[PDB]
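Below: the structure, in structure tokens.
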Amino acid sequence: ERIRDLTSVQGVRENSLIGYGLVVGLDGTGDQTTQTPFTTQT
Amino acid sequence: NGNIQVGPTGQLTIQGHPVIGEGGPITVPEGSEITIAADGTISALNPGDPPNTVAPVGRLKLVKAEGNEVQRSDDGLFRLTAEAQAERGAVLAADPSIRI
Amino acid sequence: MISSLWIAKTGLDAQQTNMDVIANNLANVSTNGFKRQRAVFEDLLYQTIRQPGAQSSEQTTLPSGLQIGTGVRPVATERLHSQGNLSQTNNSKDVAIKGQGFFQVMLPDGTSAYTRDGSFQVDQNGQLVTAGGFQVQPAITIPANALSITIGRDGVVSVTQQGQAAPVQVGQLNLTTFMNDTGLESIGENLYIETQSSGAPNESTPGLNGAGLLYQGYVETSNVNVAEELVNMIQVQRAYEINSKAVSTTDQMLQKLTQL
Amino acid sequence: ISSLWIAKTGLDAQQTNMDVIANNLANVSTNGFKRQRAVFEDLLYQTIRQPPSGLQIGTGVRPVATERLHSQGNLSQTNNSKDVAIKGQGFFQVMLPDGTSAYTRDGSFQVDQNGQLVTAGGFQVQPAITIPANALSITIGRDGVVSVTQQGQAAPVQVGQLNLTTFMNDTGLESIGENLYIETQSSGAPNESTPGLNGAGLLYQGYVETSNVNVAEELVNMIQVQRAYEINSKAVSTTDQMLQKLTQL
Amino acid sequence: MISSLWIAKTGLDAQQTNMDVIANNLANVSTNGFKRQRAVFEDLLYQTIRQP
Amino acid sequence: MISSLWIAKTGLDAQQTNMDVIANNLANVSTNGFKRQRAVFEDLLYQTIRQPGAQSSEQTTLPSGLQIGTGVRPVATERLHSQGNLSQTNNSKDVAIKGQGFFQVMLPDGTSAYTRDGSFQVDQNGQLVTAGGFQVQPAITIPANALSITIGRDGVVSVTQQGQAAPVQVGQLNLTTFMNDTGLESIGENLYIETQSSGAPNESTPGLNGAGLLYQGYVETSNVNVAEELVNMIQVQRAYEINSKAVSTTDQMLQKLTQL
């Protein structure tokens with residue numbers, strides 16, 4: 001077995017990024033703005 | 001004669017000397033509840049099982065041959081005239097156009 | 001004879017059972033504590049002629065095969081155990097029930113029945129008995145001198161003596177609840193008996209454990225909705241009309257069969 | 001002879017049609033009954049080869065199917081808290097004594113000695129819903145959430161869910177009696193779902209569905225059945241007299 | 001039986017409940033603190049034949 | 001069977017649907033916001049035998065060809081969207097609509113329905129619901145420290161608090177208009193839903209953009225002309241009698257035929 005397949009380097013590391021956004025189009029099927037106030041506000 | 005019968009052992013017999021379809025004699029499960037489809041496929045159901053278990057169990061071979069090429073043979077059974085045998089062979093094809 | 005005639009027979013018998021139940025409801029207005037009955041119907045055998053499965057070609061399916069079907073066998077009669085209306089009897093001895101519960105009663109055989117009828121009395125011994133002499137459970141022996149009888153919403157029955165100005169309690173009158181009231185087997189006399197569909201009878205004081213309250217000086221009326229009965233009875237007459245027409249059509253068909 | 005058998009098949013078809021009509025009309029006042037219509041069908045035709053190059057004689061009026069009208073019936077107010085009716089499609093699943101499942105559209109529900117919700121004959125509905133012992137009142141919402149009130153607990157304790165099933169082909173279900181249908185090869189698999197979603201219908205409490213039998217249609221169909229039966233019997237009689245005159249010589 | 005008869009049956013029941021409410025209010029005059037009652041009605045299913 | 005019997009069947013069915021509509025209108029008196037219905041009928045096929053053109057000579061033309069025809073298919077039922085008569089319910093939580101418009105409501109399924117009722121309540125959370133818990137749109141939330149609800153004719157709903165002497169505004173209640181009101185698909189609960197015959201909703205404040213005004217303390221009654229429904233009932237009964245008479249005549253004709 002290769003060292004890379006069972007070991008990770010100390011300096012090499014992943015991070016998690018999160019964000020909020022809007023999706024346009026969708027041929028309908030979008031959020032119900034009445035029940036989703038944040039969509040209209042954004 | 002389409003007055004088909006099923007023996008106690010599951011043998012499908014227009015009056016004994018039984019029937020031929022897609023192989024040798026047609027044999028069906030003992031708990032018959034048999035139905036014959038429009039083009040001959042024989043489907044069966046055990047009487048004490050859900051109705052969605054009626055997969056086909058056999059096929060009823062049917063043959064097209066008429067008049068000048070058919071001859072009575074001392075029983076209620078016809079055969080080929082020995083002139084329609086230097087032709088379509090001794091054992092005839094199933095003719096997938098004969099309905100039931 | 002003919003498949004149609006047996007089916008029309010079932011139709012006539014079922015509509016007659018409807019009329020029977022309606023008439024029994026209708027007659028028992030002004031029967032205190034009476035509970036409405038309503039028939040539940042049910043179709044009989046269906047003679048399968050072609051199976052709804054039963055593949056038709058090597059690929060097709062034969063949807064919705066042939067089956068004829070007979071009969072309208074009446075399967076049950078539910079009894080509506082809703083709260084009936086009250087009425088002022090102004091009788092110190094009559095008690096109605098606020099909600100669930102039953103009065104237990106001891107029959108002459110020693111078995112126990114259950115009644116929602118507050119038309120109580122006192123016999124020559126001072127026991128509460130119910131219009132037929134049935135001695136209720138638990139026993140309550142009114143003293144011979146008693147002037148006033150009161151029955152609280154919690155059921156503690158207490159009498160007032162002459163001179164002694166303290167309403168000494170004389171007994172406790174508690175209710176019995178079943179976890180399926182509909183399954184009790186009525187035996188007349190406004191009395192139901194326990195059957196193994198109703199469940200074991202659980203005795204409790206009124207108000208507690210889900211039982212109802214007690215209202216003295218009132219009687220609970222039959223919960224028969226008369227307008228529903230009249231419209232139902234119109235329906236039953238017309239249904240019987242229709243089924244009789246079916247019998248007549250079958251008869252005429254069988255006529256011109258014989259005349260043939 | 002030939003005409004005798006042709007007219008006999010005619011008589012059989014009208015007799016079958018009358019059996020269907022009688023089953024429809026007898027089962028008026030059956031909750032959730034679906035009326036049947038029989039589709040008839042002519043038999044094989046016989047060709048005569050002319051030396052258009054052929055004519056057809058024909059025979060028979062075979063009954064090929066009976067289909068149920070799975071339409072919404074009216075509502076009858078039962079004043080009973082246990083009875084329910086369905087707006088739209090769907091069936092209640094019940095578990096037979098054998099163990100398999102049937103489907104019913106009849107809402108005349110009850111409770112047995114153990115609290116289970118059974119259907120006028122003791123078949124437990126699915127999923128099991130056990131009403132507690134001293135529930136002052138039972139409520140069944142429009143999406144099927146069945147709950148009860150208790151002795152002072154000022155909120156309905158939840159007791160269960162009243163699911164339904166939708167089928168691809170409702171007319172294909174095989175009816176077995178007791179107002180019960182059973183799944184077949186032609187109905188497809190039962191798509192379980194909650195009411196109000198995935199095509200299933202909503203629930204009404206205190207109401208029971210009625211049989212959608214239109215007695216006007218059935219009475220006029222009786223008129224047709226009787227007259228057609230008499231006409232076919234006349235054809236039979238005429239053929240018999242023809243054969244009489246034939247055998248006289 | 002007939003759809004007309006079922007619809008009219010529901011109508012009779014509704015009017016009966018309305019009259020029950022009115023009679024209860026009427027009887028409960030001179031009752032301290034009693035609050036009047038008002039019945040709100042609501043039509044049942046609409047069985048569609050041709051979709052709108 | 002007979003070309004006449006099928007036609008008479010269609011006539012009977014048409015009159016039965018007419019009586020169904022009449023009975024539904026009639027029973028729904030005293031239902032707020034209800035709109036009277038009226039069934040519209042429509043003749044079926046015509047079996048042409050001689051074409052109305054198709055000259056008989058090179059000069060003649062054969063006017064008014066032979067056509068028999070069948071059926072009375074009921075094509076539709078329209079709903080009359082006219083203003084009902086306001087009734088002074090004097091209730092602070094009831095609001096009627098003068099003119100066009102609808103109240104939008106969130107069904108539990110997440111879809112939007114529309115009602116012409118003002119019999120509104122306020123549930124335990126203070127939300128504005130409609131006689132069955134259906135949360136109206138936009139969301140209107142009554143604060144706990146409110147005393148009296150007022151709703152302007154322009155939809156501005158505002159509350160009064162304890163101690164604070166000011167009518168603080170708490171929400172806006174705007175109507176929905178459709179350009180084919182008749183095309184809404186009713187689903188019971190006094191609610192309609194959008195279809196692609198009514199068209200897309202147009203949401204706007206009351207008064208503006210052709211909407212109506214809000215009358216607080218009022219309820220809009222059903223616009224069912226009772227005398228019209230009674231006379232329609234007379235007419236429909238007689239029409240049904242006559243079509244059944246046609247069925248009887250056809251039946252007797254057939255019976256005399258079979259006797260032959």
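Just remember, in the structure tokens the first chain shown is A, the second B, etc., residues are 1-based per chain, and ligands are 1-based in the order shown.
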
### Task
Counting only C-alpha atoms, collect the residues of chain D whose closest atom lies at most 12 Å from chain E, and write them out as a PyMOL selection string.
chain D and resi 24-31+71-79+85-89+201-205+207-218

Output for the residues just chosen: N, CA, C and O atoms as a short mmCIF file (atom, residue, chain, number, x, y, z; two decimals), in the first residue's frame:
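Final output, again25.cif:
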data_model
loop_
_atom_site.label_atom_id
_atom_site.label_comp_id
_atom_site.auth_asym_id
_atom_site.auth_seq_id
_atom_site.Cartn_x
_atom_site.Cartn_y
_atom_site.Cartn_z
N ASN D 24 -75.70 -3.57 -8.75
CA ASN D 24 -75.60 -2.13 -8.54
C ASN D 24 -76.73 -1.63 -7.65
O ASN D 24 -76.49 -0.93 -6.66
N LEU D 25 -77.97 -1.98 -7.98
CA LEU D 25 -79.10 -1.37 -7.30
C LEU D 25 -79.32 -1.96 -5.92
O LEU D 25 -79.79 -1.26 -5.03
N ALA D 26 -79.01 -3.23 -5.73
CA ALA D 26 -79.10 -3.79 -4.39
C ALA D 26 -78.14 -3.08 -3.46
O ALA D 26 -78.47 -2.78 -2.31
N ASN D 27 -76.93 -2.79 -3.95
CA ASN D 27 -75.87 -2.18 -3.16
C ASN D 27 -75.98 -0.67 -3.08
O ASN D 27 -74.99 -0.01 -2.77
N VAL D 28 -77.14 -0.09 -3.37
CA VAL D 28 -77.34 1.29 -2.96
C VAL D 28 -77.44 1.29 -1.44
O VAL D 28 -77.83 0.30 -0.82
N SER D 29 -77.03 2.40 -0.83
CA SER D 29 -76.88 2.51 0.62
C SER D 29 -75.74 1.66 1.16
O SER D 29 -75.73 1.33 2.35
N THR D 30 -74.79 1.29 0.32
CA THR D 30 -73.54 0.69 0.76
C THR D 30 -72.46 1.76 0.67
O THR D 30 -72.24 2.32 -0.41
N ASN D 31 -71.80 2.03 1.78
CA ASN D 31 -70.84 3.13 1.83
C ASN D 31 -69.60 2.77 1.02
O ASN D 31 -69.01 1.71 1.22
N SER D 71 -65.20 7.13 -9.04
CA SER D 71 -65.47 8.55 -8.91
C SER D 71 -65.91 8.85 -7.48
O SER D 71 -66.33 7.97 -6.73
N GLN D 72 -65.79 10.11 -7.12
CA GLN D 72 -66.14 10.54 -5.78
C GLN D 72 -67.65 10.47 -5.59
O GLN D 72 -68.40 10.99 -6.42
N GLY D 73 -68.08 9.83 -4.52
CA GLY D 73 -69.49 9.81 -4.19
C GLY D 73 -69.87 10.96 -3.28
O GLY D 73 -69.04 11.73 -2.83
N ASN D 74 -71.17 11.05 -3.00
CA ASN D 74 -71.63 12.08 -2.09
C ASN D 74 -71.23 11.73 -0.66
O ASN D 74 -70.62 10.70 -0.39
N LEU D 75 -71.57 12.62 0.26
CA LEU D 75 -71.26 12.44 1.67
C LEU D 75 -72.54 12.33 2.47
O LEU D 75 -73.52 13.02 2.19
N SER D 76 -72.54 11.45 3.47
CA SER D 76 -73.64 11.30 4.40
C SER D 76 -73.14 11.61 5.79
O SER D 76 -72.15 11.03 6.24
N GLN D 77 -73.82 12.52 6.48
CA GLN D 77 -73.40 12.92 7.81
C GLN D 77 -73.88 11.89 8.82
O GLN D 77 -75.08 11.74 9.05
N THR D 78 -72.94 11.17 9.42
CA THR D 78 -73.26 10.07 10.32
C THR D 78 -73.34 10.48 11.78
O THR D 78 -73.86 9.70 12.58
N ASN D 79 -72.83 11.65 12.14
CA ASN D 79 -72.78 12.09 13.54
C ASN D 79 -71.96 11.13 14.40
O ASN D 79 -72.19 11.02 15.60
N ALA D 85 -64.58 9.91 5.63
CA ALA D 85 -64.76 9.85 4.19
C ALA D 85 -63.53 10.45 3.52
O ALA D 85 -62.74 11.15 4.15
N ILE D 86 -63.39 10.18 2.23
CA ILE D 86 -62.21 10.58 1.48
C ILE D 86 -62.61 11.56 0.39
O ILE D 86 -63.51 11.26 -0.41
N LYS D 87 -61.97 12.71 0.36
CA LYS D 87 -62.01 13.60 -0.79
C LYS D 87 -60.90 13.18 -1.75
O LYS D 87 -59.72 13.29 -1.41
N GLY D 88 -61.27 12.71 -2.92
CA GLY D 88 -60.28 12.36 -3.92
C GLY D 88 -59.94 10.89 -3.93
O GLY D 88 -60.77 10.06 -3.53
N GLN D 89 -58.75 10.54 -4.38
CA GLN D 89 -58.36 9.15 -4.54
C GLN D 89 -57.84 8.58 -3.23
O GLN D 89 -57.63 9.29 -2.25
N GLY D 201 -56.24 11.69 -1.40
CA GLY D 201 -57.26 12.64 -1.02
C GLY D 201 -57.28 12.92 0.46
O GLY D 201 -56.71 12.20 1.27
N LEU D 202 -57.98 13.98 0.81
CA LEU D 202 -58.08 14.45 2.18
C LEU D 202 -59.13 13.64 2.92
O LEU D 202 -59.88 12.86 2.33
N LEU D 203 -59.19 13.82 4.23
CA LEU D 203 -60.12 13.08 5.06
C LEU D 203 -61.16 14.01 5.67
O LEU D 203 -60.86 15.16 6.00
N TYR D 204 -62.38 13.51 5.80
CA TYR D 204 -63.46 14.20 6.48
C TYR D 204 -63.91 13.33 7.64
O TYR D 204 -64.14 12.14 7.45
N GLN D 205 -64.02 13.92 8.82
CA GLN D 205 -64.50 13.17 9.98
C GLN D 205 -65.97 13.46 10.22
O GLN D 205 -66.43 14.59 10.04
N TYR D 207 -68.32 12.04 8.49
CA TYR D 207 -69.01 11.83 7.23
C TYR D 207 -68.60 10.48 6.67
O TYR D 207 -67.47 10.03 6.87
N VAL D 208 -69.52 9.83 5.98
CA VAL D 208 -69.24 8.55 5.34
C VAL D 208 -69.63 8.65 3.87
O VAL D 208 -70.67 9.23 3.53
N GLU D 209 -68.78 8.14 3.00
CA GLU D 209 -69.03 8.24 1.57
C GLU D 209 -70.20 7.36 1.18
O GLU D 209 -70.50 6.36 1.84
N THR D 210 -70.88 7.74 0.11
CA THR D 210 -72.03 7.00 -0.38
C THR D 210 -71.70 6.27 -1.67
O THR D 210 -70.72 6.56 -2.35
N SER D 211 -72.55 5.30 -2.00
CA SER D 211 -72.42 4.59 -3.26
C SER D 211 -72.83 5.50 -4.40
O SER D 211 -73.89 6.13 -4.35
N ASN D 212 -72.01 5.56 -5.44
CA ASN D 212 -72.30 6.45 -6.56
C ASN D 212 -73.15 5.76 -7.62
O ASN D 212 -72.86 5.81 -8.81
N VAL D 213 -74.24 5.15 -7.19
CA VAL D 213 -75.16 4.47 -8.10
C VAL D 213 -76.25 5.45 -8.48
O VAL D 213 -76.97 5.96 -7.61
N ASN D 214 -76.38 5.72 -9.76
CA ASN D 214 -77.36 6.66 -10.29
C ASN D 214 -78.59 5.84 -10.67
O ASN D 214 -78.60 5.19 -11.71
N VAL D 215 -79.63 5.88 -9.83
CA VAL D 215 -80.77 5.00 -10.05
C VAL D 215 -81.49 5.33 -11.35
O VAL D 215 -82.19 4.47 -11.89
N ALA D 216 -81.36 6.55 -11.87
CA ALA D 216 -81.95 6.84 -13.17
C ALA D 216 -81.30 6.00 -14.26
O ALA D 216 -81.99 5.38 -15.08
N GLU D 217 -79.97 5.96 -14.27
CA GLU D 217 -79.26 5.15 -15.25
C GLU D 217 -79.65 3.69 -15.12
O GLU D 217 -79.85 3.01 -16.13
N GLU D 218 -79.77 3.20 -13.90
CA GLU D 218 -80.07 1.79 -13.70
C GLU D 218 -81.49 1.45 -14.11
O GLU D 218 -81.74 0.37 -14.65
#

Taking the backbone alone, and naming residues the way the document does, which bits of range 94-158 of chain C are strand (DSSP E or B) by DSSP, as an mmCIF file with C-alpha atoms, in the first residue's frame?
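Saved as states-v2.cif:
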data_model
loop_
_atom_site.group_PDB
_atom_site.id
_atom_site.type_symbol
_atom_site.label_atom_id
_atom_site.label_comp_id
_atom_site.auth_asym_id
_atom_site.auth_seq_id
_atom_site.Cartn_x
_atom_site.Cartn_y
_atom_site.Cartn_z
ATOM 1 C CA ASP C 94 -83.602 11.066 38.675
ATOM 2 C CA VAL C 95 -79.982 11.571 37.636
ATOM 3 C CA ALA C 96 -78.481 12.141 34.192
ATOM 4 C CA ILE C 97 -74.870 11.624 33.144
ATOM 5 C CA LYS C 98 -72.482 14.311 31.870
ATOM 6 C CA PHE C 103 -74.859 2.680 35.939
ATOM 7 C CA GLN C 104 -74.209 -0.888 37.035
ATOM 8 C CA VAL C 105 -77.288 -2.929 37.931
ATOM 9 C CA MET C 106 -77.692 -6.385 39.495
ATOM 10 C CA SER C 112 -74.721 -7.369 36.147
ATOM 11 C CA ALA C 113 -75.999 -5.136 33.352
ATOM 12 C CA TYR C 114 -75.374 -1.481 32.553
ATOM 13 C CA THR C 115 -77.875 1.313 31.981
ATOM 14 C CA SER C 119 -85.281 7.079 36.365
ATOM 15 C CA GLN C 121 -86.872 4.909 42.677
ATOM 16 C CA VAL C 122 -86.742 3.611 46.238
ATOM 17 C CA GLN C 127 -82.743 0.589 48.114
ATOM 18 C CA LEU C 128 -82.421 2.515 44.868
ATOM 19 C CA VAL C 129 -84.066 0.415 42.169
ATOM 20 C CA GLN C 135 -81.282 -3.213 42.620
ATOM 21 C CA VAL C 136 -78.378 -1.014 41.498
ATOM 22 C CA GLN C 137 -74.693 -1.397 42.367
ATOM 23 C CA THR C 141 -80.226 1.979 51.463
ATOM 24 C CA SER C 148 -84.201 15.129 51.365
ATOM 25 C CA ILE C 149 -82.014 13.224 48.919
ATOM 26 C CA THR C 150 -79.103 14.907 47.169
ATOM 27 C CA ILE C 151 -76.556 13.508 44.723
ATOM 28 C CA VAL C 156 -71.833 11.067 47.027
ATOM 29 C CA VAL C 157 -75.492 10.528 47.912
ATOM 30 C CA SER C 158 -76.487 11.983 51.271
#

### Task
Give me, as a VMD selection string, the contact residues of chain A against chain F at a cut-off of 9 Å, counting only C-alpha atoms.
chain A and resid 32 34 to 35

### Message
Pairing every C-alpha atom in order, fit chain C onto chain F and give me the RMSD in Å.
### Response
0.3 Å

#### Entry: At most 12 Å to chain C: residues in chain F, only C-alpha atoms, as a PyMOL selection string
chain F and resi 255+258-259

### Message
I need the chain D residues near chain B as a VMD selection string; criterion: at most 7 Å, counting only C-alpha atoms.
### Response
chain D and resid 183 to 185

If you keep N, CA, C and O atoms, can you produce a file of those selected residues as a JSON list (two decimals), in the first residue's frame?
[["chain", "number", "residue", "atom", "x", "y", "z"],
["D", 183, "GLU", "N", -55.05, -6.19, -4.11],
["D", 183, "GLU", "CA", -54.09, -5.82, -5.13],
["D", 183, "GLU", "C", -53.92, -6.93, -6.15],
["D", 183, "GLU", "O", -53.82, -8.11, -5.79],
["D", 184, "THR", "N", -53.87, -6.56, -7.42],
["D", 184, "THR", "CA", -53.69, -7.51, -8.51],
["D", 184, "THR", "C", -52.47, -7.13, -9.34],
["D", 184, "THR", "O", -51.78, -6.14, -9.07],
["D", 185, "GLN", "N", -52.22, -7.92, -10.37],
["D", 185, "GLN", "CA", -51.16, -7.62, -11.31],
["D", 185, "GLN", "C", -51.47, -6.40, -12.15],
["D", 185, "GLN", "O", -50.55, -5.72, -12.60]]

### Query
Could you list, as a ChimeraX atom specification, every residue of chain C that has an atom within 12 Å of an atom of chain B, counting only C-alpha atoms?
/C:48-62,65
